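The structure appears right after this line, and notes come after that.
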Amino acid sequence: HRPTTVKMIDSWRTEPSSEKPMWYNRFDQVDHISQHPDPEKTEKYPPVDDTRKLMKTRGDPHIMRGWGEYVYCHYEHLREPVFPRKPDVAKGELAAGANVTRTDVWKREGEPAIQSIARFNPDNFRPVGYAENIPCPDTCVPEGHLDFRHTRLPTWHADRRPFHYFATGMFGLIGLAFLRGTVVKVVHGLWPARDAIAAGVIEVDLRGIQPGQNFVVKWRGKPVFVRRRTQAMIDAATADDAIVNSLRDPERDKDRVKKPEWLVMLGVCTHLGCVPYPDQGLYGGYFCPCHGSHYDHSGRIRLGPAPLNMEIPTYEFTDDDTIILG
Amino acid sequence: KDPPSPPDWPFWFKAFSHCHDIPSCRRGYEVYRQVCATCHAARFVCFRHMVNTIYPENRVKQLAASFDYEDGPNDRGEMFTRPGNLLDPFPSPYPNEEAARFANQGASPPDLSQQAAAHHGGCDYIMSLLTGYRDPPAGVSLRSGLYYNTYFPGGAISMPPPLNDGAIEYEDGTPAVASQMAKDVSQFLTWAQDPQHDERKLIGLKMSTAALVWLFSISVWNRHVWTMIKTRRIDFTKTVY
Amino acid sequence: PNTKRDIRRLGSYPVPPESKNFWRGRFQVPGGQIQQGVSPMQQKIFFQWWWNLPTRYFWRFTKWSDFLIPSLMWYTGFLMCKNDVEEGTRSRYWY
Amino acid sequence: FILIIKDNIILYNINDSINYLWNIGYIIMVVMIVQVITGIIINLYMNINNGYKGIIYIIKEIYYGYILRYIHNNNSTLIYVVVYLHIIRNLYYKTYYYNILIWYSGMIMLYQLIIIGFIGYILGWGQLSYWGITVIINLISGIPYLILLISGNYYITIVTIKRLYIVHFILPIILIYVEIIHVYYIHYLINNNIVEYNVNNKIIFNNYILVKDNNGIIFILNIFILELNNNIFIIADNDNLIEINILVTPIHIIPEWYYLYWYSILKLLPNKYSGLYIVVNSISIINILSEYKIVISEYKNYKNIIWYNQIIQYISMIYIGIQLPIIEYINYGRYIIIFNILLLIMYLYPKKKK
Amino acid sequence: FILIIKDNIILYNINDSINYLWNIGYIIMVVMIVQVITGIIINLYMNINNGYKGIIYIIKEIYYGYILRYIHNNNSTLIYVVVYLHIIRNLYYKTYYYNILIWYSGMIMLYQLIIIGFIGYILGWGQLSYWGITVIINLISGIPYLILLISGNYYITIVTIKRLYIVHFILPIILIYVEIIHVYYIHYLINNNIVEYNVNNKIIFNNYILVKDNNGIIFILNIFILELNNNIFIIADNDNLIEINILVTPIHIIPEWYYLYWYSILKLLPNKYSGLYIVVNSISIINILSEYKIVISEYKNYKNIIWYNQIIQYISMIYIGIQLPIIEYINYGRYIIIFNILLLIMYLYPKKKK
Ligand SMILES: CCCCCCCCCCCCCCCCCC(=O)OC[C@H](COP(=O)([O-])OCC(O)COP(=O)([O-])OC[C@@H](COC(=O)CCCCCCCCCCCCCCCCC)OC(=O)CCCCCCCCCCCCCCCCC)OC(=O)CCCCCCCCCCCCCCCCC
Ligand SMILES: CCCCCCCCCCCCCCCCCC(=O)OC[C@H](COP(=O)([O-])OCC(O)COP(=O)([O-])OC[C@@H](COC(=O)CCCCCCCCCCCCCCCCC)OC(=O)CCCCCCCCCCCCCCCCC)OC(=O)CCCCCCCCCCCCCCCCC
Ligand SMILES: CCCCCCCCCCCCCCCCCC(=O)OC[C@H](COP(=O)([O-])OCC[N+](C)(C)C)OC(=O)CCCCCCCCCCCCCCCCC
Ligand SMILES: COC1=C(OC)C(=O)C(C/C=C(\C)CC/C=C(/C)CC/C=C(\C)CC/C=C(\C)CC/C=C(\C)CC/C=C(/C)CC/C=C(\C)CCC=C(C)C)=C(C)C1=O
Ligand SMILES: COC1=C(OC)C(=O)C(C/C=C(\C)CC/C=C(\C)CC/C=C(\C)CC/C=C(\C)CC/C=C(\C)CC/C=C(\C)CC/C=C(\C)CCC=C(C)C)=C(C)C1=O
Ligand SMILES: COC1=C(OC)C(=O)C(C/C=C(\C)CC/C=C(\C)CC/C=C(\C)CC/C=C(\C)CC/C=C(\C)CC/C=C(\C)CC/C=C(\C)CCC=C(C)C)=C(C)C1=O
Ligand code: HEC
Ligand code: HEM
Ligand code: HEM
Ligand code: HEM
Ligand code: HEM
Ligand code: FES
């Protein structure tokens, strides 16, 4: 058995069962178990029609005393003494356990001891009235209770499988819809947040700029040079537009500017990331002072260590005097 | 001894399928900008929160551009000043709490970003507090700068009665009276606390109704399978077919 | 598991590893029994709820009425304390 | 482990006669998973340097971040409601009488949950959060230098928040492990039934009990979704949305509703240590309710008068916690404490024989 | 679970003829526990809003916080050294020939470890950390809108750090679970021996193998303590102590030493995607080395020429990664890649018959 414990102790305040039985101590004793009456063939008490007419019970409501929660039971775990009280079997008291072995109640006068002790087998004691009280169920479903014989559908009924699978299908249908909504919503939270999406769009008010002026906008962490180009600057890049293929990174000004008057570029030197300064260099474009890279008026590398042209960001013209970076 | 509990005002948004009343929210912001903003700050409310929810984008740009924000550093390491934009929070009247206390006789006007839900009674507390300014109870004398409000804990608040009839002119033409302004600002501050309030309830409506249909399906399934069990007949000395 | 007598198996076929718990709840049925049932697909699946409805609630309420006296006494205590609190506050503070 | 799943879900036998009160345990297991999942997701966005500004950021800026914020707060309330109802259920049927190992495994999860919920409340970083932990930590000021080691400073700061956050992240995972010891003992030590005795009417779990358990958990979900989206019950005190001020106390300093019972015990007893010890008594004393009995009976299915008085006693103590520290409430609360002690003694004491 | 421990530690039988190369696995398990423990403790003090200032705070202000900082960094180097040596060991004896399930369970832990180590490197929040993740994430720029979802912004920020931190906190715990599947398969599918065949010379683990394993792990500890306190080997690049500047790149952008092999593969191949695919090839191709063989033999205990060339090939590729992108290095590196492909084909191909 699993780890288990019983309260088989010698109490300081509660007597053992041999000393004070808590059950109704009237039993009938036979010589052989076959001499007991048969409950199934024994007439029971006459049925009553009112709950107030039901018979009385032999139990004593006040069998136990003292502080504690109320309880009615017949048995305890306490240990018995080696010299237990001698039971009065003549009056009907039960003799089983220590009160038989460690006493001389079993002794008759002239009967062979083997026969005398045979009678006090526990199978020979049954409570008075066992055969007239103990229920003998013939079924777990008493008469008047609903069962399959009353709920069976008529034989002309319609198939119930189709609707059953519709109901279990609907449980799955709704469950899958709730599952998809949950998953998508959680993944959606990883998208750039409302503050970040908002900050990732800067609008350039081309209103107030003067031809030849270069301004810087911090867009997505990087400097974005936005320069209005004078006709001289525009013509200069157009002149190099013919000498294309003589440049480290051949690109035409038309493919780097959406409007000739406006050059929007990311101001990050393609060599080692330094930010170039405008109106500097040999081409009057943008000169990175770190290692000496010269870019033209279109942002194309013309001299220095830098390998490529300054990148053109993603930007569109909302109107004639506004750009939207992103 | 706990502060008097506010009454239950019948705001539109209290019902299960009701939204924030946008026209009232618009009027509420006007009250906050022109009355409450002088002493209080809304640190966690940004102009972009109002775009396409309370006001159109162009209008919110004008509101933000009205204020000036210290920004920087520039290339010379100096801090400059610029007009506001959609990314800025609502302006703060004072640079720090010590400055606020000094200008308000040692009382600190709390930030109103979450005050709509920070008191027992919630939105009702704001509406009741603004309209809860009565003459002092007989036998109670208040030191100068303290006023009697039935709902403020203790009864004496360092806030002057902020709402007076005709204080502002509503753009929509609604009559400007103290009770109207209290109702509107209470509405607006409730929105500011949880701008996703309408989204929560609309999605909740779909979930709750769907959950009822889901309950019916599992109930039919539960009834079906347990019929096998609850109608069985176990016999011992009897047999019926 | 059940008692040793109950779970003592008659067959010598080994207990499958996926039915260990199932066979620890075995019972040794004395005297035999006849079990009968019908598939739910051929039965009324909601009528039993309606048939048993009134008796179910009658027996539920009569059992719960045992707690009537205790609950009234606790409620009587709730009222005394609430109004003992009001009188105390007024006596100590109100004029 | 597909043969272990099949032995504990598919071919697991349970009595047919159980009520819906036997579905509570399943609900605890499911909502517990949700609380762990939503916590992990919330930490993808949360700021531990300022919990006050993190919650605002999640509610306003994160897409559907309000769902995560409110589910985590409201589902914690549901975790305690369901767990406490499970405790009341176990007390009513006296399931601890023979399945004490199940009761012991459960109590460990109760002890862990108490710590988990409290620290999480602190992570909000509002007025009540700061002042609640300040008050509770002072209870151990008797032990020298213990407060300094725990707080990491001379006052509660972000230093304390950082370390408590790790306990809040990890302890719930350990709680899930203890749930496996709880289920192991339930499956080995068979569950109790509505009747006292053991009867031969068991049916497999997956086809019958799981369908009934889903019906119950979907019914509780219909209620939880209403609270989640509309706040039909006030289950979070509003004072925790006020920014912390270490010089000014809030109007009242109280924990969540599910700690009110223990909060009132401290507020009632005059000596601080006695209050702490009575708190220890209530949770520990219910672990030995049946240990002194000597009769062959589990005291099951009587009128359960003592049980009902105890449940109402918890409710009344919770009610007293909400009220201000009025003298009259203190007197009545003390009577309730004395009354509770007598009820427990009734449980413990064995009976003599007439 | 004391009878499961007794069946897998006390009465677990292993051959007597194994070398100290069979002690590597035990070392991995122990150092893995240490890395998890020191990580949890470090997070009691770490600041995720600025990883750069958190490390300084731990090293200077926390009592014995330098031990936590250096153990976690240096023990990660030891985790990869021991794991790679274990991989080399398995390749040499061709333990994958019959114990493929053990090889598969191990490779999963290898894949997880790669992710764990890389994200942790980012948590330092230095120049190399910022620029390393920026470069690697651009490899998946082909998949639309995937970079934005992962980074949470248009550039790497604290938003990215917060989410990567959760993966770094949780994934190592999952790795420990996979270690149980690895040990389950080792105990069921018996280990290989230095000889090809299976022989009757096994002895219990606790009294003999564990003593020998402790001797090995204590010998490795004498070496790890010297590195831990005195930095006898440069295992962390100094460039990660520079504050992040998003406009200026560092002198070189390289990962830790244990990622150099894969770093060079990308730097060598001209097309970016081809570089990624060759990285995929190297780890996956070694999972099917024995699948096409048809003879009754495990190719064990020959002169292992192909093996030795492969190990040196890993070392040379690691060497090329350190060097600048010089054209001459690119040419030689490409030859090594071609050479490596031929070696793998030698492993895979079955033999015809003369
Ligand atoms: C300056 C101050 C300094 C203070 C210094 C204090 C130092 C104290 C040192 C203490 C050292 C530790 C002692 C631990 C002992 C552990 C023993 C144990 O585990 O045994 C298990 C052992 C297991 O035995 P078993 O064989 O397995 O089972 C036995 C069977 O069940 C059946 O056995 P049986 O049938 O043979 O029966 C034997 C009988 C034997 O029983 C006895 O002999 C015990 C009698 C105890 C009586 C206590 C009465 C106190 C009344 C105070 C009145 C104050 C009046 C003030 C007047 C003021 C006027 C102005 O037992 C019973 O009848 C049932 C016992 C039930 C025990 C329940 C245990 C509950 C413990 C917790 C209670 C308190 C918590 C709630 C309240 C907290 C807040 C207030 O149990 C026993 O053998 C029985 C022992 C029972 C001991 C109970 C002792 C309770 C003492 C309470 C003290 C209260 C003090 C109040 C002071 C107020 C002043 C105003
Ligand atoms: C462990 C414990 C448990 C843990 C759980 C986890 C907990 C975690 C913590 C919690 C975390 C926080 C988050 C919690 C969130 C909780 C709440 C939540 O999730 O809420 C979600 C969600 C909340 O709402 P919501 O998400 O805002 O709503 C979203 C929208 O509703 C709908 O969404 P939407 O608007 O985004 O998308 C709509 C769109 C979505 O659109 C689609 O997806 C449709 C498109 C799919 C296309 C599929 C194509 C597949 C085939 C591809 C091709 C294959 C070729 C293969 C060839 C192979 C060859 C070898 O669909 C439509 O627009 C509909 C029309 C679609 C037309 C499709 C036409 C297809 C044409 C195809 C033509 C092809 C021809 C080709 C020919 C040429 C070939 C060469 O919940 C619900 O809505 C609940 C709904 C429940 C069900 C309601 C229905 C009840 C029905 C009752 C029936 C019974 C009554 C019967 C009455 C009968 C009267 C007689
Ligand atoms: C406020 C809190 C949030 C509330 C809203 C969100 C809640 C989300 C809850 C999701 C529940 C999903 C349940 C789906 C059920 C579908 C199957 C079903 O029951 O159908 C009935 C049917 C049963 O019907 P049947 O048994 O009658 O089938 C008979 C079969 N025929 C008709 C062919 C004869 O089940 C199936 O079809 C079989 C599927 C079994 C499923 C077992 C495993 C479940 C795994 C669930 C996946 C969870 C994923 C989690 C991912 C999370 C990521 C973040
Ligand atoms: C130690 O761990 C444990 C806990 O945590 C500490 C528990 O909470 C619990 C119990 C948990 C619960 C009962 C669930 C959560 C409990 C609560 C109280 C949260 C909700 C809060 C409340 C209901 C507070 C309001 C309380 C009150 C108004 C009670 C005060 C009034 C009282 C007592 C008078 C009412 C008396 C009653 C007997 C109630 C019913 C009365 C009636 C039906 C009749 C009314 C009378 C008439 C004449 C009509 C247990 C078992 C536990 O073990
Ligand atoms: C002031 O107002 C009041 C409140 O509001 C403020 C109240 O809430 C309350 C009631 C509050 C409560 C009853 C709970 C209060 C909770 C507090 C103070 C929590 C404080 C934080 C902690 C205890 C965190 C430390 C964590 C632990 C000790 C772990 C707890 C769990 C335990 C011990 C169970 C078993 C142990 C574990 C699970 C630990 C496992 C250990 C490991 C895995 C270590 C492994 C190590 C190795 C080397 C292998 C009152 C009374 C009140 O008055
Ligand atoms: C640029 O310079 C370079 C470097 O330095 C910068 C390099 O390091 C390198 C080499 C670097 C590498 C080889 C590694 C790079 C690592 C990176 C980019 C890691 C990025 C972060 C992630 C992948 C985190 C996401 C995490 C995952 C997908 C989990 C990973 C583990 C997996 C998939 C194994 C099995 C799955 C799991 C363990 C997940 C478990 C899932 C659950 C428990 C979910 C449960 C959910 C429910 C609902 C129950 C190169 C080539 C280089 O060029
Ligand atoms: C415009 C109509 C408003 C609104 C809606 C509120 N106020 Fe004030 N307020 C001021 C000060 C000094 C305080 C501190 C509290 C006190 O004085 O002791 C407050 C407080 C508030 C609250 C919180 C009340 C409490 O519980 O603390 C609220 C909700 C509130 N106010 C709303 C000062 C001023 C002003 C300076 C003259 C003005 C103007 C306003 N408040 C205006 C408003
Ligand atoms: C039984 C499990 C848990 C319960 C009872 C619980 C409880 C709570 C509580 C009550 C809150 C604060 C509510 C509020 O802000 O007012 C909270 C916050 C938080 N919890 Fe949990 N939690 C649990 C598990 C977890 C887990 C597993 C994680 C992480 C993996 C987590 C992470 C967080 C975080 C980040 C916060 C701060 C967000 C906040 O302000 O709510 N929690 N927790
Ligand atoms: C994390 C919290 C816990 C969870 C996950 C949980 C889960 C479970 C589940 C699934 C069952 C089996 C089905 C059921 O009876 O409903 C159960 C049974 C039980 N639990 Fe818990 N439990 C928790 C807390 C507790 C606590 C705190 C106690 C004790 C105070 C407890 C005591 C019991 C008992 C006695 C049973 C036996 C039920 C019976 O015999 O019928 N549980 N629990
Ligand atoms: C195989 C397991 C793991 C390995 C390979 C690993 C690797 C590393 C690496 C290389 C670092 C950065 C080293 C440096 O700063 O230069 C790091 C940092 C960190 N790791 Fe881990 N880690 C692992 C497990 C964990 C775990 C389980 C946790 C937490 C429970 C954790 C928490 C941290 C934290 C907070 C940091 C930041 C401190 C730092 O700057 O070093 N790690 N990790
Ligand atoms: C977290 C990393 C891992 C740990 C904890 C670990 C641990 C172990 C241990 C304890 C053993 C048994 C004793 C030994 O042979 O030394 C072993 C065996 C083995 N491992 Fe791993 N391992 C890891 C990684 C790997 C990887 C990545 C592979 C495959 C590429 C692998 C393949 C094997 C093989 C084939 C064996 C069989 C050894 C034999 O047959 O003699 N392991 N491992
Ligand atoms: S970074 Fe510009 S010249 Fe080198």
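Ligands are counted one by one from 1 in listed order, and the atoms in each one are counted from 1 as well. Within every chain, numbering begins at 1; the chains are lettered A, B, ... in the order of the sequence lines, protein sequences first and strands thereafter.
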Shortest protein heavy-atom distance from atom 27 (C) of ligand 11, along with the residue and atom involved: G106(E) O, 3.2 Å
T38(D) side chain to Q35(D) backbone, donor-acceptor under 3.5 Å: yes
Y12(E) and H187(E) aromatic ring geometry - parallel, tilted or perpendicular at 30°/60° bounds: parallel
Any non-hydrogen protein atom less than 4.0 Å away from atom 41 (O) of ligand 1: no
Nearest non-hydrogen protein atom, atom 61 (O) of ligand 1: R13(A) CD, 4.5 Å
Where ligand 11 meets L110(E) - atom numbers and elements under 4.0 angstrom, heavy-atom basis: 27 (C)
Atom 7 (C) of ligand 11 - nearest protein heavy atom and its distance: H182(E) CD2, 3.6 Å
Flag, side chain of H164(A) to backbone of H224(B), donor-acceptor distance under 3.5 Å: no
Residue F219(E) excluded, over 12 heavy atoms near CZ under 6.0 Å: no
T95(E) neighbourhood, listing ligand 11 atoms whose heavy-atom distance to it stays under 4.0 Å: 35 (C), 39 (C), 40 (O)
Donor-acceptor contact present, side-chain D159(A) to main-chain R161(A), <3.5 Å: yes
Proximal atoms of ligand 1 relative to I278(D) (non-hydrogen, under 4.0 Å): 79 (C)
Nearest non-hydrogen protein atom, atom 64 (C) of ligand 1: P350(D) CD, 3.8 Å
Interfacing atoms of ligand 1 (cut-off 4.0 Å, heavy-atom, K7(A)): 25 (P), 27 (O), 28 (O), 30 (C), 31 (O)
Selected option - heavy-atom contact closest to atom 67 (C) of ligand 1, from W67(A), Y292(D), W12(A), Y349(D): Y292(D)
Atom 12 (C) of ligand 11: nearest protein contact (heavy atom, Å): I186(E) CD1, 3.6 Å
Closest approach of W262(E) to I114(E) (non-hydrogen atoms, all atoms of both residues): CH2-CD1, 3.6 Å
Within-shell test, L175(E) vs ligand 11, heavy atom, strictly < 4.0 Å: yes
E69(A) side chain vs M346(D) backbone, donor-acceptor pair below 3.5 Å: no
Heteroatom of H86(E) nearest to atom 21 (Fe) of ligand 11 (N, O or S, atom name): NE2
Taking atom 72 (C) of ligand 1 as the reference point, the nearest protein heavy atom with its distance: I285(D) CD1, 4.4 Å
Flag if over 12 foreign heavy atoms under 6.0 Å of CD1, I2(D): no
Flag for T95(E)-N192(E): side-chain donor and acceptor within less than 3.5 Å: no
Student check: side-chain heavy atoms of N74(D) and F233(D) closer than 4.5 Å: no
Heavy-atom nearest neighbour in the protein, as seen from atom 33 (O) of ligand 1, with distance rounded to 0.1 Å: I9(A) CD1, 4.0 Å
N-O pairing of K353(D) and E19(A) below 4.0 Å: no
Side-chain donor or acceptor of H77(A) paired with backbone N/O of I294(D) under 3.5 Å: yes
Centroid-centroid under 6.0 Å between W307(E) and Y299(E) rings: no
Top protein contact for atom 70 (C) of ligand 1, by heavy-atom distance: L348(D) CD1, 4.2 Å
Protein non-hydrogen atom below 4.0 angstrom of atom 79 (C) of ligand 1 present: yes
Test ring pair (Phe, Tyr, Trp, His ring centres under 6.0 Å) applied to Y261(E) and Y80(E), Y84(E), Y314(E), the passing residue: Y314(E)
Closest protein heavy atom (residue, atom, distance) for atom 30 (C) of ligand 11: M107(E) SD, 3.3 Å
Donor-acceptor pair, side chain of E179(E) and main chain of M29(E), under 3.5 angstrom: no
Within 45° cone and under 6.0 Å: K300(E) NZ/CZ vs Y97(E) ring: no
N281(D): numbered ligand 1 atoms lying under 4.0 Å from its heavy atoms: 75 (C), 76 (C)
Donor-acceptor under 3.5 Å (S274(D) side chain, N271(D) main chain): yes
Contact bool for atom 76 (C) of ligand 1 (protein heavy atom, d < 4.0 Å): yes
Protein residues having a heavy atom less than 4.0 Å from any atom of ligand 3: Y165(A), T168(A), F171(A), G172(A), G175(A), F178(A), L179(A), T182(A), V183(A), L221(D), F224(D), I225(D), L228(D)
Shortest protein contact, atom 16 (O) of ligand 11 (heavy atom only): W22(E) O, 2.8 Å
Which residue and heavy atom of the protein sit nearest atom 4 (C) of ligand 11, plus the separation: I28(E) CG2, 3.7 Å
Donor-acceptor contact below 3.5 Å, side chain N75(E) vs main chain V31(E): yes
Proximity of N192(E) to ligand 11 by residue part, where a heavy atom lies under 4.0 Å: both
Those atoms of ligand 11 less than 4.0 Å from some heavy atom in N99(E): 40 (O)
Sub-4.0 Å protein heavy atom next to atom 31 (O) of ligand 1: yes
Residue portion contacting ligand 11 (non-hydrogen atoms closer than 4.0 Å) for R89(E): side chain
Any donor-acceptor N/O pair, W67(A) side chain to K351(D) backbone, under 3.5 Å: no
Any N/O pair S11(A)/ligand 1 closer than 3.5 Å: yes
Check: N214(D)/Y26(D) side-chain N/O donor and acceptor closer than 3.5 Å: yes
More than 12 heavy atoms from other groups under 6.0 Å of CZ on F216(B): no
Nearest-contact summary for atom 23 (C) of ligand 11 - protein heavy atom, Å: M109(E) CE, 3.6 Å
Heavy-atom donor-acceptor pair, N90(E) side chain to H86(E) backbone, under 3.5 Å: yes
Which residue and heavy atom of the protein sit nearest atom 32 (C) of ligand 11, plus the separation: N90(E) ND2, 3.1 Å
Any N/O pair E179(E)/ligand 11 closer than 3.5 Å: no
Exercise check, heavy-atom protein proximity under 4.0 Å to atom 27 (O) of ligand 1: yes
Heavy atom of protein inside 4.0 Å of atom 97 (C) of ligand 1, strictly below: no
Atoms of ligand 11 close to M32(E) [distance to a heavy atom under 4.0 angstrom, numbered from 1]: 1 (C)
